[PDB]
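Structure data (PDB, C-alpha atoms and all ligand atoms) from data.pdb:
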```
MODEL        1
ATOM      1  CA  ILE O1447      51.527  98.193  78.365
ATOM      2  CA  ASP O1448      54.740  99.773  79.675
ATOM      3  CA  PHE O1449      56.400  96.563  80.804
ATOM      4  CA  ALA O1450      59.592  97.636  79.025
ATOM      5  CA  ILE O1451      60.727  98.170  82.622
ATOM      6  CA  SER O1452      61.278  94.393  82.564
ATOM      7  CA  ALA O1453      61.556  91.489  80.096
ATOM      8  CA  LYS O1454      64.963  92.585  78.801
ATOM      9  CA  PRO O1455      66.660  89.139  78.936
ATOM     10  CA  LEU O1456      66.086  86.195  76.608
ATOM     11  CA  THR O1457      67.089  82.521  76.363
ATOM     12  CA  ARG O1458      70.826  82.846  77.125
ATOM     13  CA  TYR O1459      71.269  79.076  77.489
ATOM     14  CA  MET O1460      73.606  78.768  74.495
ATOM     15  CA  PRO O1461      76.726  76.731  75.330
ATOM     16  CA  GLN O1462      78.408  78.224  72.226
ATOM     17  CA  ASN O1463      81.323  75.786  72.335
ATOM     18  CA  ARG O1464      80.728  72.851  69.943
ATOM     19  CA  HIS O1465      81.794  71.035  73.092
ATOM     20  CA  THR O1466      82.481  67.335  73.598
ATOM     21  CA  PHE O1467      79.340  66.830  75.709
ATOM     22  CA  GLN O1468      77.474  70.065  76.428
ATOM     23  CA  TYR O1469      77.024  70.952  72.753
ATOM     24  CA  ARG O1470      76.287  67.353  71.945
ATOM     25  CA  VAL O1471      73.349  66.813  74.285
ATOM     26  CA  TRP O1472      71.970  70.353  74.077
ATOM     27  CA  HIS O1473      71.530  69.821  70.345
ATOM     28  CA  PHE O1474      69.615  66.656  71.243
ATOM     29  CA  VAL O1475      67.420  68.365  73.857
ATOM     30  CA  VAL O1476      66.335  71.186  71.516
ATOM     31  CA  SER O1477      65.180  70.682  67.901
ATOM     32  CA  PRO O1478      62.295  68.301  68.620
ATOM     33  CA  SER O1479      63.050  64.648  68.345
ATOM     34  CA  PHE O1480      62.991  65.082  72.110
ATOM     35  CA  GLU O1481      60.379  67.826  72.580
ATOM     36  CA  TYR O1482      57.750  65.705  70.814
ATOM     37  CA  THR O1483      59.148  62.398  72.091
ATOM     38  CA  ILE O1484      58.671  63.611  75.675
ATOM     39  CA  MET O1485      55.280  65.105  74.797
ATOM     40  CA  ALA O1486      54.408  61.517  73.825
ATOM     41  CA  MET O1487      55.719  59.915  77.031
ATOM     42  CA  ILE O1488      53.590  62.267  79.133
ATOM     43  CA  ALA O1489      50.714  61.299  76.818
ATOM     44  CA  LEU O1490      50.974  57.552  77.453
ATOM     45  CA  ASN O1491      51.725  58.143  81.135
ATOM     46  CA  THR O1492      48.352  59.834  81.505
ATOM     47  CA  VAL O1493      46.851  56.600  80.172
ATOM     48  CA  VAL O1494      48.581  54.249  82.623
ATOM     49  CA  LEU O1495      47.193  56.401  85.436
ATOM     50  CA  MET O1496      43.629  55.955  84.161
ATOM     51  CA  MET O1497      44.130  52.213  83.614
ATOM     52  CA  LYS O1498      44.128  51.431  87.324
ATOM     53  CA  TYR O1499      40.890  49.795  88.385
ATOM     54  CA  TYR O1500      39.452  47.672  91.162
ATOM     55  CA  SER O1501      40.101  43.918  91.140
ATOM     56  CA  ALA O1502      42.685  43.662  88.385
ATOM     57  CA  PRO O1503      43.966  40.187  87.438
ATOM     58  CA  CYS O1504      47.242  40.758  89.354
ATOM     59  CA  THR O1505      49.092  40.517  86.060
ATOM     60  CA  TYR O1506      47.388  43.714  84.977
ATOM     61  CA  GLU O1507      48.547  45.219  88.271
ATOM     62  CA  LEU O1508      52.009  43.927  87.377
ATOM     63  CA  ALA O1509      52.091  45.355  83.853
ATOM     64  CA  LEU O1510      51.331  48.785  85.328
ATOM     65  CA  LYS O1511      54.126  48.402  87.877
ATOM     66  CA  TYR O1512      56.681  47.830  85.115
ATOM     67  CA  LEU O1513      55.194  50.529  82.896
ATOM     68  CA  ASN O1514      55.359  53.085  85.719
ATOM     69  CA  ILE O1515      59.037  52.210  86.105
ATOM     70  CA  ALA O1516      59.516  52.509  82.341
ATOM     71  CA  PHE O1517      58.206  56.075  82.489
ATOM     72  CA  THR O1518      60.067  57.074  85.651
ATOM     73  CA  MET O1519      63.354  56.129  83.978
ATOM     74  CA  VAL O1520      62.420  58.131  80.871
ATOM     75  CA  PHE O1521      61.396  61.114  82.995
ATOM     76  CA  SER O1522      64.499  60.704  85.155
ATOM     77  CA  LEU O1523      66.695  60.328  82.080
ATOM     78  CA  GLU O1524      65.147  63.601  80.945
ATOM     79  CA  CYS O1525      66.083  65.043  84.341
ATOM     80  CA  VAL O1526      69.717  64.133  83.911
ATOM     81  CA  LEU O1527      69.726  65.214  80.319
ATOM     82  CA  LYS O1528      68.973  68.889  81.056
ATOM     83  CA  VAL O1529      71.288  69.409  84.006
ATOM     84  CA  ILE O1530      74.001  68.390  81.541
ATOM     85  CA  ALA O1531      72.670  70.314  78.533
ATOM     86  CA  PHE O1532      71.780  73.516  80.415
ATOM     87  CA  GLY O1533      73.908  73.509  83.520
ATOM     88  CA  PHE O1534      72.786  72.938  87.089
ATOM     89  CA  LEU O1535      71.997  76.569  87.898
ATOM     90  CA  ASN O1536      70.296  77.386  84.594
ATOM     91  CA  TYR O1537      68.127  74.302  85.168
ATOM     92  CA  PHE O1538      66.645  75.275  88.550
ATOM     93  CA  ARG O1539      65.427  78.648  87.269
ATOM     94  CA  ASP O1540      62.379  77.836  85.103
ATOM     95  CA  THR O1541      60.113  76.569  87.956
ATOM     96  CA  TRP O1542      58.778  74.029  85.449
ATOM     97  CA  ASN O1543      61.906  71.971  86.061
ATOM     98  CA  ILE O1544      62.072  72.055  89.856
ATOM     99  CA  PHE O1545      58.524  70.834  89.410
ATOM    100  CA  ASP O1546      59.661  68.035  87.102
ATOM    101  CA  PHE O1547      62.570  67.448  89.476
ATOM    102  CA  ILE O1548      60.280  67.048  92.489
ATOM    103  CA  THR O1549      57.842  64.684  90.766
ATOM    104  CA  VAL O1550      60.670  62.417  89.628
ATOM    105  CA  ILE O1551      62.633  62.486  92.891
ATOM    106  CA  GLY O1552      59.323  61.765  94.612
ATOM    107  CA  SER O1553      58.418  58.940  92.245
ATOM    108  CA  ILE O1554      61.893  57.390  92.271
ATOM    109  CA  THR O1555      61.441  57.026  96.031
ATOM    110  CA  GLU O1556      57.924  55.662  95.526
ATOM    111  CA  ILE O1557      59.338  52.724  93.573
ATOM    112  CA  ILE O1558      61.974  52.057  96.244
ATOM    113  CA  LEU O1559      59.914  52.312  99.435
ATOM    114  CA  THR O1560      57.147  50.192  97.911
ATOM    115  CA  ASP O1561      59.841  47.679  96.914
ATOM    116  CA  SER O1562      62.013  45.630  99.283
ATOM    117  CA  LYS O1563      65.260  46.475 101.167
ATOM    118  CA  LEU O1564      63.365  49.069 103.283
ATOM    119  CA  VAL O1565      60.421  48.560 105.612
ATOM    120  CA  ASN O1566      57.241  50.640 105.870
ATOM    121  CA  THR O1567      57.145  51.075 109.649
ATOM    122  CA  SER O1568      57.898  53.642 112.379
ATOM    123  CA  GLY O1569      54.347  54.959 112.085
ATOM    124  CA  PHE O1570      54.940  56.746 108.779
ATOM    125  CA  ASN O1571      53.067  55.919 105.582
ATOM    126  CA  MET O1572      54.148  55.842 101.925
ATOM    127  CA  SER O1573      50.566  56.428 100.774
ATOM    128  CA  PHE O1574      51.072  60.155 100.182
ATOM    129  CA  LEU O1575      53.837  59.437  97.651
ATOM    130  CA  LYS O1576      51.184  58.387  95.129
ATOM    131  CA  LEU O1577      50.507  62.090  94.539
ATOM    132  CA  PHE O1578      53.943  62.543  92.972
ATOM    133  CA  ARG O1579      53.307  60.148  90.084
ATOM    134  CA  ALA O1580      49.734  61.404  89.650
ATOM    135  CA  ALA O1581      51.150  64.937  89.385
ATOM    136  CA  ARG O1582      52.764  64.158  86.030
ATOM    137  CA  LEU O1583      49.327  64.987  84.646
ATOM    138  CA  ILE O1584      50.072  68.667  85.305
ATOM    139  CA  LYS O1585      52.965  68.337  82.846
ATOM    140  CA  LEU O1586      50.222  68.352  80.183
ATOM    141  CA  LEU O1587      49.051  71.772  81.419
ATOM    142  CA  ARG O1588      52.389  73.200  80.255
ATOM    143  CA  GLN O1589      51.259  73.044  76.618
ATOM    144  CA  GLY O1590      48.207  75.188  77.285
ATOM    145  CA  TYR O1591      49.030  78.907  77.263
TER     146      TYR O1591
HETATM  147  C1  LIG R   1      42.503  59.256  76.810
HETATM  148  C2  LIG R   1      41.669  57.994  76.657
HETATM  149  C3  LIG R   1      40.555  58.210  75.644
HETATM  150  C4  LIG R   1      42.539  56.794  76.280
HETATM  151  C5  LIG R   1      42.237  55.517  77.024
HETATM  152  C6  LIG R   1      41.540  55.753  78.341
HETATM  153  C7  LIG R   1      40.208  55.010  78.519
HETATM  154  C8  LIG R   1      39.483  54.879  77.183
HETATM  155  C9  LIG R   1      40.446  53.653  79.204
HETATM  156  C10 LIG R   1      41.716  53.665  80.098
HETATM  157  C11 LIG R   1      41.466  52.676  81.254
HETATM  158  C12 LIG R   1      40.162  51.983  80.872
HETATM  159  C13 LIG R   1      39.390  51.224  81.939
HETATM  160  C14 LIG R   1      40.276  50.159  82.579
HETATM  161  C15 LIG R   1      39.498  49.086  83.272
HETATM  162  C16 LIG R   1      38.185  48.929  83.207
HETATM  163  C17 LIG R   1      37.497  47.854  84.019
HETATM  164  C18 LIG R   1      36.643  46.977  83.140
HETATM  165  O1  LIG R   1      35.955  46.020  83.997
HETATM  166  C19 LIG R   1      36.103  44.729  83.729
HETATM  167  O2  LIG R   1      37.098  44.110  83.969
HETATM  168  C20 LIG R   1      34.877  44.144  83.085
HETATM  169  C21 LIG R   1      34.808  44.218  81.572
HETATM  170  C22 LIG R   1      36.144  44.440  80.883
HETATM  171  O3  LIG R   1      37.025  43.568  81.010
HETATM  172  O4  LIG R   1      36.299  45.484  80.219
HETATM  173  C23 LIG R   1      35.625  47.818  82.421
HETATM  174  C24 LIG R   1      36.305  48.882  81.557
HETATM  175  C25 LIG R   1      37.287  49.794  82.328
HETATM  176  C26 LIG R   1      36.503  50.757  83.237
HETATM  177  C27 LIG R   1      38.157  50.564  81.296
HETATM  178  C28 LIG R   1      37.337  51.561  80.461
HETATM  179  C29 LIG R   1      38.180  52.355  79.455
HETATM  180  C30 LIG R   1      39.349  53.068  80.139
HETATM  181  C31 LIG R   1      38.836  54.157  81.096
HETATM  182  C1  LIG R   2      52.034  50.975  78.069
HETATM  183  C2  LIG R   2      50.700  51.647  77.779
HETATM  184  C3  LIG R   2      50.522  51.854  76.284
HETATM  185  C4  LIG R   2      49.536  50.856  78.375
HETATM  186  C5  LIG R   2      48.714  50.059  77.392
HETATM  187  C6  LIG R   2      49.030  48.585  77.418
HETATM  188  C7  LIG R   2      47.815  47.647  77.449
HETATM  189  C8  LIG R   2      47.174  47.558  76.067
HETATM  190  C9  LIG R   2      48.226  46.276  78.011
HETATM  191  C10 LIG R   2      49.291  46.419  79.135
HETATM  192  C11 LIG R   2      48.917  45.428  80.251
HETATM  193  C12 LIG R   2      47.987  44.451  79.543
HETATM  194  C13 LIG R   2      47.184  43.462  80.373
HETATM  195  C14 LIG R   2      48.101  42.634  81.266
HETATM  196  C15 LIG R   2      47.380  41.480  81.883
HETATM  197  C16 LIG R   2      46.249  40.969  81.425
HETATM  198  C17 LIG R   2      45.621  39.770  82.099
HETATM  199  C18 LIG R   2      45.446  38.641  81.114
HETATM  200  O1  LIG R   2      44.773  37.548  81.805
HETATM  201  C19 LIG R   2      45.404  36.381  81.891
HETATM  202  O2  LIG R   2      45.400  35.695  82.872
HETATM  203  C20 LIG R   2      46.114  36.025  80.613
HETATM  204  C21 LIG R   2      47.625  35.921  80.677
HETATM  205  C22 LIG R   2      48.254  36.535  81.915
HETATM  206  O3  LIG R   2      48.434  37.769  81.937
HETATM  207  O4  LIG R   2      48.564  35.777  82.854
HETATM  208  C23 LIG R   2      44.603  39.101  79.956
HETATM  209  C24 LIG R   2      45.236  40.304  79.253
HETATM  210  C25 LIG R   2      45.518  41.500  80.193
HETATM  211  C26 LIG R   2      44.181  42.115  80.645
HETATM  212  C27 LIG R   2      46.396  42.534  79.431
HETATM  213  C28 LIG R   2      45.601  43.331  78.383
HETATM  214  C29 LIG R   2      46.432  44.387  77.645
HETATM  215  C30 LIG R   2      47.136  45.339  78.616
HETATM  216  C31 LIG R   2      46.103  46.172  79.391
ENDMDL
END
```

Translate this file's structure into structure tokens.
Amino acid sequence: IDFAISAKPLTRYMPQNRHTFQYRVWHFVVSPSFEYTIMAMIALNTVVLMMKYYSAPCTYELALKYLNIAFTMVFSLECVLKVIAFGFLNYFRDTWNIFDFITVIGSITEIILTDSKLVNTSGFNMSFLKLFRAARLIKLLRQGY
């Protein structure tokens, strides 16, 4: 029970400036119209991962392609909305953000390499990049405790 040896610090992410940007976005990030509106985008994104099936009409496969993009942008827009509102160094210190950073930087590059302008050759395969967009399911584990 004597963990008073640690756990001294608290939040300490206050910008405390009423600043032009930093205390304009930080107010947006906190005070849920964002905490529940990103807990709803990781709720529909765990439904477009279950909606893949075998022999889809090729316009079902296309609706999922443009939905996956429409969640990657939202999750990437989240990513550059917390480097701004918290600062770069205070962002990469929760370990639940450098997880959400990796999944988005790994799913941004899944959209590109499976698109044109770059070829899938040189004996290296983009099949393992599907794990990065199927790892957004673990973002639901965060609201366990
Ligand atoms: C968290 C959950 C409760 C929300 C929604 C998830 C499931 C209820 C949905 C998502 C994807 C669906 C699947 C998507 C595709 C198919 C193929 C489909 O096969 C056909 O094309 C034949 C008949 C048909 O068109 O449904 C049969 C239903 C099934 C398995 C669906 C069953 C219901 C699933 C699992
Ligand atoms: C974004 C989240 C909430 C996913 C839930 C959306 C689904 C309710 C939508 C998205 C893609 C839709 C599908 C896209 C393509 C088709 C093929 C379509 O078959 C056709 O050939 C008709 C017209 C066409 O798409 O060319 C019939 C409807 C269906 C199954 C749609 C049914 C409704 C779906 C599953």

Resolved residues for the PyMOL selection byres (((chain O and resi 1513-1520) around 8) and not hetatm) as a count of residues only = 15

Picked residues, the PyMOL selection byres (((not hetatm)) within 7 of (chain R and resi 1)), as number ranges by chain = O: 1493, 1496-1499

Writing out the chosen residues with C-alpha atoms as a PDB file, in the frame of the given file:
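So the final result, stored in result-v6.pdb, reads:
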```
ATOM      1  CA  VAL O1493      46.851  56.600  80.172  1.00  0.00           C
ATOM      2  CA  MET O1496      43.629  55.955  84.161  1.00  0.00           C
ATOM      3  CA  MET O1497      44.130  52.213  83.614  1.00  0.00           C
ATOM      4  CA  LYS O1498      44.128  51.431  87.324  1.00  0.00           C
ATOM      5  CA  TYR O1499      40.890  49.795  88.385  1.00  0.00           C
TER       6      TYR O1499
END
```

Nearest residue to residue 1495 in chain O from the set O:1589, O:1530, O:1578, O:1465 (distances using only C-alpha atoms) =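 Nearest candidate to residue 1495 in chain O out of O:1589, O:1530, O:1578, O:1465: O:1578.
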
Give me, please, the distance in Å between CA of residue 1548 in chain O and CA of residue 1566 in chain O, quoted to one decimal.
->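 Going from CA of residue 1548 in chain O over to CA of residue 1566 in chain O covers 21.4 Å.
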
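Considering only C-alpha atoms and all ligand atoms, the residue among O:1460, O:1571, O:1588, O:1486 positioned nearest to ligand LIG 2 (chain R) is O:1486.
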
For residue 1457 in chain O, work out the shell of residues within 12 Å, counting only C-alpha atoms and skipping chain neighbours fewer than 4 positions away, then give it as a PyMOL selection string.
-> chain O and resi 1453+1461+1532+1536+1539-1540

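Atom pair CA of residue 1507 in chain O / CA of residue 1561 in chain O: separated by 14.4 Å.
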
Completion step: range 1508-1521 of chain O with N, CA and C atoms as a PDB file, in the coordinates of the input:
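This went into selection_39.pdb:
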```
ATOM      1  N   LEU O1508      50.567  44.076  87.527  1.00  0.00           N
ATOM      2  CA  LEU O1508      52.009  43.927  87.377  1.00  0.00           C
ATOM      3  C   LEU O1508      52.509  44.618  86.119  1.00  0.00           C
ATOM      4  N   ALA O1509      51.703  44.631  85.057  1.00  0.00           N
ATOM      5  CA  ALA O1509      52.091  45.355  83.853  1.00  0.00           C
ATOM      6  C   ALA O1509      52.152  46.854  84.109  1.00  0.00           C
ATOM      7  N   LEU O1510      51.295  47.363  84.998  1.00  0.00           N
ATOM      8  CA  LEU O1510      51.331  48.785  85.328  1.00  0.00           C
ATOM      9  C   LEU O1510      52.530  49.117  86.203  1.00  0.00           C
ATOM     10  N   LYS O1511      52.943  48.180  87.056  1.00  0.00           N
ATOM     11  CA  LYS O1511      54.126  48.402  87.877  1.00  0.00           C
ATOM     12  C   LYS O1511      55.369  48.566  87.020  1.00  0.00           C
ATOM     13  N   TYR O1512      55.511  47.753  85.976  1.00  0.00           N
ATOM     14  CA  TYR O1512      56.681  47.830  85.115  1.00  0.00           C
ATOM     15  C   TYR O1512      56.554  48.903  84.048  1.00  0.00           C
ATOM     16  N   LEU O1513      55.336  49.352  83.744  1.00  0.00           N
ATOM     17  CA  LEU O1513      55.194  50.529  82.896  1.00  0.00           C
ATOM     18  C   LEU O1513      55.520  51.802  83.660  1.00  0.00           C
ATOM     19  N   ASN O1514      55.034  51.922  84.899  1.00  0.00           N
ATOM     20  CA  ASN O1514      55.359  53.085  85.719  1.00  0.00           C
ATOM     21  C   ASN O1514      56.863  53.256  85.857  1.00  0.00           C
ATOM     22  N   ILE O1515      57.581  52.155  86.080  1.00  0.00           N
ATOM     23  CA  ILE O1515      59.037  52.210  86.105  1.00  0.00           C
ATOM     24  C   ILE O1515      59.572  52.682  84.761  1.00  0.00           C
ATOM     25  N   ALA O1516      58.985  52.200  83.664  1.00  0.00           N
ATOM     26  CA  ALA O1516      59.516  52.509  82.341  1.00  0.00           C
ATOM     27  C   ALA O1516      59.244  53.957  81.952  1.00  0.00           C
ATOM     28  N   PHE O1517      58.380  54.643  82.703  1.00  0.00           N
ATOM     29  CA  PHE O1517      58.206  56.075  82.489  1.00  0.00           C
ATOM     30  C   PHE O1517      59.032  56.886  83.475  1.00  0.00           C
ATOM     31  N   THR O1518      59.210  56.384  84.696  1.00  0.00           N
ATOM     32  CA  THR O1518      60.067  57.074  85.651  1.00  0.00           C
ATOM     33  C   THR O1518      61.499  57.156  85.144  1.00  0.00           C
ATOM     34  N   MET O1519      62.015  56.073  84.558  1.00  0.00           N
ATOM     35  CA  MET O1519      63.354  56.129  83.978  1.00  0.00           C
ATOM     36  C   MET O1519      63.426  57.147  82.849  1.00  0.00           C
ATOM     37  N   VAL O1520      62.423  57.168  81.969  1.00  0.00           N
ATOM     38  CA  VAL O1520      62.420  58.131  80.871  1.00  0.00           C
ATOM     39  C   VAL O1520      62.344  59.553  81.409  1.00  0.00           C
ATOM     40  N   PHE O1521      61.502  59.779  82.418  1.00  0.00           N
ATOM     41  CA  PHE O1521      61.396  61.114  82.995  1.00  0.00           C
ATOM     42  C   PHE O1521      62.610  61.456  83.844  1.00  0.00           C
TER      43      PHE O1521
END
```
